[PDB]
Structures are given as structure tokens and as C-alpha cells.
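For reference, the structure I am asking about is given below.
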Amino acid sequence: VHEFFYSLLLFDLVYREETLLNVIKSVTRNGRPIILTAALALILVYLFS
Amino acid sequence: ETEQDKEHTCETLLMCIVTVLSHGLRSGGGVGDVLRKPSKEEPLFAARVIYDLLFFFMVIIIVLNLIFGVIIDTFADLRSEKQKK
Amino acid sequence: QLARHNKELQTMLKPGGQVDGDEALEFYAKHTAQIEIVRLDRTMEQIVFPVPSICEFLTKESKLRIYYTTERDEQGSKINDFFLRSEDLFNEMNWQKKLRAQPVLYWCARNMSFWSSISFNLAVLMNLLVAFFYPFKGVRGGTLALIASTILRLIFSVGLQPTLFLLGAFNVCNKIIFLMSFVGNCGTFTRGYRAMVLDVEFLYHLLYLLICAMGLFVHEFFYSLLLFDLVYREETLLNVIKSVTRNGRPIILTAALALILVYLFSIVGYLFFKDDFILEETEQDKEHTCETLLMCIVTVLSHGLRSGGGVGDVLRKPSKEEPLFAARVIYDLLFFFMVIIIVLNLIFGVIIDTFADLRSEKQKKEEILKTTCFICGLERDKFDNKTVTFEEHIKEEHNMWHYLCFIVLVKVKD
Amino acid sequence: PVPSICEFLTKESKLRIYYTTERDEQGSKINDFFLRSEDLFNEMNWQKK
């Protein structure tokens, strides 16, 4: 196929080894609030909308 | 017609008004700027100037930074557990 | 009474544990308190008396509410808080059984769960659906949290303005039912110590209902406002908005420090600089001439404040001209630097400060909830570690629930 | 004296165990160690065959 399959393998390579894992735990471990926090933004763009 | 081109007329009236504001949300700068042409006109000029400023302040700093604000909180939480451990 | 000495008492303890299922022994399970209090001085007593019936009826909420609610008023999160709570708690516990006297309300406790379900799910779907399709145009499905999908199909057949009306009515009925469960849970509007909570709850729920009624009879603005409340509830979205409210006094006046930095600077740009913005009957159109000279010069700089980028850029055309070119270049750079970073980031700067303040209080407070003892001021670890045990002397004698049911038995008899 | 399986080992066992831990309760105590130990014994035998 057109590489899309190749690019996706590169994405996993950057995910591994070490403390790049640390900085992405910033958005995942306490990851529950921010996606609903975005809906507080999505309604502030709405009501004002 | 040949290509995706109009004689400069869109006029989002009724449908997806949350997207045409999301059209202006995407530039970060301003918010109200996408809508345009206030132009001194007395019963509406001072009527919306304040509105755009209010919108801008609130949306951008308040959310587009507290959506960043939670992220650094998740650093001082996350490292301090590791350095205590 | 067999406590301090028996080997046979150890065998009584054998009565006590070991999975021998005998009802009398189990029933004590109903009570074993070991209250463990002091008199005026000289003393380290423990007293016991069986449980009181009202306490036995309970809830689940009482224990939960009490531990979490606390306070830390003084040198230890001591009894003051507990005492106020206890008085209110006793009165609240009695109300429960004469609600069991009239059984058609208990469904109302189940509706304490439902209020939530309907209102939250219903509102968002309805408000979003309104946004998705504005009425008065005849339209198909138009391609351009379980029961609601079923309802969507049914409403879809008959015409969809019709569906909108019906949903609003449905919502009102649901509101009435849950409302009833909130009131059922605390009855007679019985009074305690916390005035704010009860009053706000009554009002808030009423306000939530009214908007629905107004909306049924107006362009939804009433519908959208109900969606705003739905996003406000449940949980830690409340946390991140306390960042801007608890330490909320300074930032609104901090904004006026920005509002005067746009002002003082605003004035110079008047005197040492003409306006220099030219390029902006049937329609709202001019032949490219505004020239804000005299009136609202703080707004035409606020016109440039709004883009964030630059500041001076809105004014325009410096163009190499010697007595003024180097004269204002520095001015715009100075303005830009100062206003934007300094305020438009310290107005953000205070916000993250209100995170490291706000969480650190909460993470310290759990450490004084899980790893200090409850009310004996006990530095739970070393001291408790050396003896019989730590953890079960929470469960045996310093039981915070076992104090308060001893307090309610003081008004029983004769 | 030591037991032979333990003597065969790896390098991973020691590393994994210390770092892995837990802090479950009043001290990062033995609970964690015990679960890990059982799994570890089985893993160590697999090495010689």
C-alpha cells in the first residue's frame, strides 16, 4: 500500500525507549478532565456563538 | 464554472454558526475579526466593540490557557511523585 | 468485660472471629463500639453501650460526607467540625424512617440517581439538536446515553418541530421527578448549621427548572442555558474553574492594571502620533476613511489589542520618514513587549499559581486523611506502628462513626 | 545456602523488582514483593531449559 503503513511504524518508534513517555503522561494520567474541559470551551464558543 | 471560486459571497446565516465562529477560533488572534467592518456606525459600533473584546479575553486566556494550565499542573504532580519515590 | 484478661476470653474472641456463624455473635456485629473517651482528668476510659436504632437506619452518605467534609480549623482537624455535623446528622437520620412510612417516595431515592441521568443526557442532546437543525425549513435527515437514540427515531417520523416541543415537555416532567428526590432526601426543609448549601441547592434546582419553562416558549436561549449548567456539574471540571474564582479577587483588578497600561500608553500615541489608518448609500461601507481623532482612543488601541499580534500595527505606515520613523519604532516595540508579555501573561501567570496552591492543599489534606489518624491528633505512623496495630485501631476504637452514634444516644430515655 | 534456580537468574530480576515496587499502604511493603516473588520463581526456572 502507499506507506501510510510505513509512516505509522515511524510513529511507534518515536513513542519508545524513555522519557518521551514521561512528557506524554502529562496529558494522559490526569487526562480525564481536559477532554471535558474542552467542552467548557466548546460551550463558551457556543453560548457566545 | 471552472474552479472552486465564488464572486465573494458566503453569508453564513442559519446553519453552522458554531463553525463560523470556530473558523475564527482557529486563528487564535482576535475572534471577532473574521466577522468584520464595524465602521463607526452609531447604534451598533459601541454595541459590539465591547462584545468582541469580552469574547476574546475570556475565551482565549481562560480556556486556551487553562487547557494549558492543567498540563503544567500535571508536571509538578508527576515529577514530585517520582522524586519523592 | 472479658476483655483484659481471658484466655477463655481469647476463646470469646474465638466467639468473635473464625467464621463460626452464630447469630448472637453476628448480631453483636450490630454493635461493639469501644467508644474510648476521657473524663475531666486522671483518666483513659473506654465505655460501651449498644447502638441506637436511628444510627442503624442511616444511609451511605453520612459516613462519606462526614469524612470528606471535615475542616482544618485549628491545631488538628478536631471535633469542632464533627460536633456541628453530628447534630445535624442526628436530625437528618430520624427523617428516614417516616419516609419509609410512605413508600411511594423511595422510588424518589432511585430518582436521585435519575435526576442526573435525564437532565444531563437530555439537555445536551436537545440543545445540540437545536443547534444542529434550526427549524421552520422542511428537511430530511440531512447528513450535510442510550434511550435518547431510541427517542430520536420515534420523534423523527411525525415532523421534527413537533419533536422539539415534545422533548421540552418531557424534560420538564423529568425535572419535576428528580427535584422531588432532592427534597425527599432532606425533608421538612430541616435546618442545620450550613445555611449556604441548602439554600443554594433549593435555588439552583429551581432556576434550572425555570429556564426550561421559559425555553419552551422562546427561541432556545433557554435551551442553551440549561446545557451550560449540565457542563458545570459532576466533578473536577469544578476543580479547574476554582483556579479562577477562589483567588479570583486579584485578577479582575489586575486586568485594570492592563486597562491602564493600555490607557496611559494610549494617551501618548495620541499626542505624538496622528491616527494613520485609512484602509478599513446602500450598505455599511465608506470610501476608506475613519480617522479616530478625539473620542475613544482607548478603543482604537483596544482595536489593536484584540489581535494580540503587534499593537502598533493597526495604526500603520511608518515609511522611513526621518523626524518620526525612529521616533515611534521604539515606542511600538516597547508597547508590545510590555503589554503583551507582562500582562497578557501575568493574567495567565496568576492562574497557574492558583493550581500549585489549589492541588497542594488537596494532596496534603488527603495525607492528613489517610496517613494521620482521625480524631486523636495521632501522628499515625511511628506511634501507631509500634503496637497491637495501627489500622484496626481505626477500626476498633477511634471509629469516627462510632463516636457520633454514642452522641445520639444521649437523648433516649427517662 | 542458595538454591540453584536463583543462582541462574538474569540481570533483569533485580532491576525490575526494585524499581517496580508499589507504595500500597504504610510503607512499600511486602505485598508487592510477594506477588513479584511468585512470578519470579516461575520465570527463573524457564531459563535453563
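Counting begins at 1 with the first residue displayed.
Header says: electron microscopy, 3.9 Å.
Cβ from N, Cα, C; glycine included.
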Say a student had to find the ubiquitin cross-link annotation in Swiss-Prot: which of C:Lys7, C:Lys60, C:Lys97 would be the correct pick?
C:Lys97
How about the transmembrane segment (C:251-271) and the transmembrane segment (C:332-352): at least 3 CB pairs under 8 Å, pairs 6 or more apart in sequence, or not?
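By the criterion, they touch.
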Give the nonlocal contacts of the topological domain 'Lumenal' (C:185-207) in its own chain as ranges (CB under 8 Å, at least six residues past its ends).
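Cβ under 8 Å, 6 or more out: 84-85, 87-88, 91-92, 95, 99, 109, 112, 179.
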Do me a favour and check the Cα-Cα span between C:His398 (ATP binding site) and C:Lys97 (ubiquitin cross-link); whole Å is fine.
28
Greatest CA-CA distance (Å) over the residues C:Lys60, C:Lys63, C:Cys373, C:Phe374, C:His398, C:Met400 that the record ties to ATP?
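Answer in Å: the longest Cα-Cα distance is 22.
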So for C:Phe374 (ATP binding site), how many other CB atoms are inside 10 Å of its CB?
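Excluding its own Cβ, the number within 10 Å is 20.
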Counting by DSSP secondary structure, give me helix, strand and coil numbers for the topological domain 'Lumenal' (C:185-207).
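Counting residues per DSSP class in the topological domain 'Lumenal' (C:185-207), I get 17 helix, 0 strand, 6 coil.
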Using a 10 angstroms cut-off on Cβ to Cβ distances, just flag whichever of C:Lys60, C:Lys63, C:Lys97, C:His398 is the loneliest among these recorded positions.
C:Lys60
